[PDB]
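These notes are about the structure you will find just below.
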Amino acid sequence: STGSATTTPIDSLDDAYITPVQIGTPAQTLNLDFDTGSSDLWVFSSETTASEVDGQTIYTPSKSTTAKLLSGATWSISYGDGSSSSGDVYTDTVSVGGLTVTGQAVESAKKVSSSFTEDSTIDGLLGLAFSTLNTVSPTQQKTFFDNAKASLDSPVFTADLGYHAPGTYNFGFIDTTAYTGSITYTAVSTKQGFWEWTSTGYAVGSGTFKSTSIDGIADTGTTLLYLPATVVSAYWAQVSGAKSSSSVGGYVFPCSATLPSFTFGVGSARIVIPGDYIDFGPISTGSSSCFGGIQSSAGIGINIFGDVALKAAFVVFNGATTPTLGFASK
Ligand SMILES: Cc1oc2ncn(CCCN(C)C)c(=N)c2c1C
């Protein structure tokens, strides 16, 4: 089997991406944030504290003839950005782009933190990291991809995120028309539960490439690119007036700037992030200070190849017995 679903930016700045997902019988379609940095499929629901729901579409398990309460199971997750959610668990039929998994754990939120409530465009998350990170207790549950894997034509999924435009998540096949040149594959460590790999270096604009190992994770659920302070300083030094602002919470730059590109290495291959991808717009409405899309990972504890990086590539998440990651230009 295969599946193919369109993923769409939530706003004009690509602050996150949503993909429609069918849950239950009859189908209830929710727009979920596909997140290769976590491993829980959780949704706003009829059980979510009413004051914490503001415009999201909810899953109502009592209206699904295939929903079953997973007795005694609870979940609770805290994300790197400080957000969180928790609740109980159903199993139900979940379909993405024509690919159906029966008996998928659907984690129903009883509580969500303010940033979730405040984002009316995202009805939940669909985790695509390794199932070892799944938070369901006392019996850990599998991700949608892990459940689908055996049925897929090939044990892979691909992320093809757009810049200020829709893109695609495919399951079970590699669309050879969706990228240019060749896909370069690189080793993955699953030791921390992530799609963790090592970039071979970087360049800023038309500058020379610096060969240096940068360990990080391919994370579709993180918006920005988080790299070591040395790398990030080298990038922003090429932008007149750019500065790190403690009060704003990262590098900002004059909105009048034309940003340089940023290149990262995948083995001997190179992925180029155009400068415009690194502009996240005014820090507040009407401001002439703009927020940068490349930020320091110092104090995160890990480097994160988030959407800013991934959207410049066609990315293969190869879930074979020894997982690997592939990157192509597009
Ligand atoms: C205006 C805005 O800026 C954002 N940045 C990251 N995200 C992603 C947050 C992911 N986290 C909850 C685990 C957003 N959802 C978002 C919105 C909305």
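Just so we're on the same page: first chain in the structure tokens is A, next is B, and so on; residues restart at 1 for each chain, and ligands are numbered from 1 in the order they show up.
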Find the residues of chain A that sit at most 10 Å from ligand 1; for each, write down the nearest two atoms and how far apart they are in Å, to one decimal. Count only C-alpha atoms and all ligand atoms. Sort by chain, then by number going up, and give it as CSV.
```
residue,atom,partner,partner_atom_place_in_ligand_line,distance
A:10,CA,ligand 1,18 (C),7.3
A:11,CA,ligand 1,1 (C),7.8
A:12,CA,ligand 1,1 (C),9.7
A:13,CA,ligand 1,1 (C),8.2
A:14,CA,ligand 1,3 (O),8.2
A:15,CA,ligand 1,4 (C),4.4
A:16,CA,ligand 1,15 (N),5.2
A:17,CA,ligand 1,15 (N),8.1
A:18,CA,ligand 1,15 (N),9.7
A:33,CA,ligand 1,10 (C),8.2
A:35,CA,ligand 1,13 (C),8.4
A:37,CA,ligand 1,13 (C),9.0
A:38,CA,ligand 1,13 (C),8.9
A:77,CA,ligand 1,13 (C),9.8
A:78,CA,ligand 1,13 (C),8.3
A:79,CA,ligand 1,13 (C),5.3
A:80,CA,ligand 1,13 (C),6.9
A:81,CA,ligand 1,11 (N),6.0
A:82,CA,ligand 1,13 (C),7.8
A:83,CA,ligand 1,12 (C),5.5
A:84,CA,ligand 1,12 (C),7.6
A:85,CA,ligand 1,12 (C),9.5
A:112,CA,ligand 1,12 (C),10.0
A:113,CA,ligand 1,12 (C),8.9
A:114,CA,ligand 1,12 (C),9.5
A:115,CA,ligand 1,12 (C),6.4
A:116,CA,ligand 1,12 (C),6.2
A:117,CA,ligand 1,18 (C),9.8
A:118,CA,ligand 1,18 (C),7.5
A:119,CA,ligand 1,18 (C),5.0
A:120,CA,ligand 1,18 (C),8.0
A:121,CA,ligand 1,18 (C),7.5
A:122,CA,ligand 1,15 (N),7.4
A:124,CA,ligand 1,12 (C),9.3
A:125,CA,ligand 1,13 (C),8.4
A:220,CA,ligand 1,8 (C),9.4
A:221,CA,ligand 1,10 (C),5.9
A:222,CA,ligand 1,8 (C),5.8
A:223,CA,ligand 1,6 (C),5.2
A:224,CA,ligand 1,6 (C),7.9
A:280,CA,ligand 1,3 (O),9.1
A:307,CA,ligand 1,6 (C),9.8
```
Inset, instruction - Using only C-alpha atoms, determine which residues lie at most 8 Å from residue 184 in chain A, disregarding the query and same-chain residues fewer than 5 positions distant; provide the list as an MDAnalysis selection string. - result: chainID A and resid 266:267 269 326:328
Legend entry - Distance criterion (only C-alpha atoms): nearest to residue 40 in chain A out of A:88, A:107, A:215, A:52: A:107
Legend entry - Picked from range 275-317 of chain A by DSSP as strand (DSSP E or B), as a VMD selection string: chain A and resid 279 to 282 289 to 292 294 to 296 303 to 305 314 to 317
Mind writing the picked residues with C-alpha atoms as a short mmCIF file (atom, residue, chain, number, x, y, z; two decimals), in the first residue's frame?
```cif
data_model
loop_
_atom_site.label_atom_id
_atom_site.label_comp_id
_atom_site.auth_asym_id
_atom_site.auth_seq_id
_atom_site.Cartn_x
_atom_site.Cartn_y
_atom_site.Cartn_z
CA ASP A 279 12.87 35.51 6.91
CA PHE A 280 10.14 35.04 9.56
CA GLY A 281 8.81 38.54 9.36
CA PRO A 282 8.27 41.40 11.79
CA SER A 289 12.83 44.27 12.97
CA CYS A 290 12.38 40.78 11.53
CA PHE A 291 12.88 37.39 13.18
CA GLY A 292 15.58 35.12 11.81
CA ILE A 294 18.42 30.36 11.73
CA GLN A 295 18.91 30.45 15.49
CA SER A 296 21.36 29.13 18.04
CA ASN A 303 20.87 20.80 16.81
CA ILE A 304 17.59 20.79 14.91
CA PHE A 305 17.15 20.69 11.16
CA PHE A 314 13.10 16.31 -0.73
CA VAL A 315 13.66 14.21 2.38
CA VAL A 316 13.44 10.43 2.67
CA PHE A 317 12.82 8.90 6.07
#
```
Legend entry - Which of A:7, A:62, A:244, A:180 sits closest to residue 20 in chain A [using only C-alpha atoms]: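 Nearest candidate to residue 20 in chain A out of A:7, A:62, A:244, A:180: A:7.
Closest approach to residue 101 in chain A among A:22, A:324, A:318, A:256 is made by A:22 (distances from only C-alpha atoms).
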Inset, instruction - For each of A:226, A:203, A:213, A:3, take the minimum atom-to-atom distance to residue 238 in chain A, counting only C-alpha atoms, then give the residue where this is smallest. - result: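 Between A:226, A:203, A:213, A:3, the residue approaching residue 238 in chain A most closely is A:203.
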Legend entry - Selected residue, from A:29, A:247, A:297, A:233, that lies nearest to residue 217 in chain A when counting only C-alpha atoms: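 The answer is A:297, which sits nearest to residue 217 in chain A.
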Legend entry - Per-residue DSSP, range 60-253 of chain A, filtered to helix (DSSP H, G or I), as a list in words: residues 61, 62, 63, 114, 115, 116, 117, 131, 132, 133, 144, 145, 146, 147, 148, 229, 230, 231, 232, 233, 234, 235 and 236 of chain A
Inset, instruction - Could you check which of A:241, A:323, A:228, A:72 is closest to residue 87 in chain A, using only C-alpha atoms? - result: A:72
Mind checking which residues fall within 7 Å of residue 23 in chain A, counting only C-alpha atoms, ignoring those fewer than 2 positions away in the same chain, and posting them as a compact mmCIF listing (two decimals) with N, CA, C and O atoms, in the first residue's frame?
```
# COMPACT_ATOMS: atom_id res chain seq x y z
N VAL A 21 -6.07 14.38 8.14
CA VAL A 21 -6.02 13.00 8.61
C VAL A 21 -7.45 12.57 8.94
O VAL A 21 -8.18 13.30 9.61
N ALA A 27 -15.57 8.91 8.92
CA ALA A 27 -14.36 9.69 9.09
C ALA A 27 -14.63 11.05 9.73
O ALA A 27 -15.59 11.75 9.41
N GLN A 28 -13.73 11.43 10.64
CA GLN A 28 -13.63 12.78 11.18
C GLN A 28 -12.28 13.29 10.71
O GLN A 28 -11.25 12.71 11.04
N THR A 29 -12.28 14.34 9.90
CA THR A 29 -11.04 14.85 9.35
C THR A 29 -10.52 15.98 10.22
O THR A 29 -11.21 16.98 10.44
N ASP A 92 -8.45 3.53 17.07
CA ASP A 92 -9.42 3.78 16.02
C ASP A 92 -8.73 3.67 14.67
O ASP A 92 -7.50 3.53 14.59
N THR A 93 -9.53 3.74 13.61
CA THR A 93 -9.01 3.69 12.25
C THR A 93 -8.54 5.05 11.83
O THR A 93 -9.27 6.04 11.96
N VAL A 94 -7.30 5.12 11.34
CA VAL A 94 -6.68 6.38 10.94
C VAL A 94 -6.17 6.24 9.52
O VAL A 94 -5.47 5.29 9.20
N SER A 95 -6.55 7.19 8.66
CA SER A 95 -6.10 7.18 7.28
C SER A 95 -5.42 8.50 6.93
O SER A 95 -5.89 9.57 7.31
```
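For residue 166 in chain A, the set of protein, DNA and RNA residues having any atom at most 7 Å away, when counting only C-alpha atoms and skipping those fewer than 6 positions along the same chain, is residues 6, 7, 8 and 9 of chain A.
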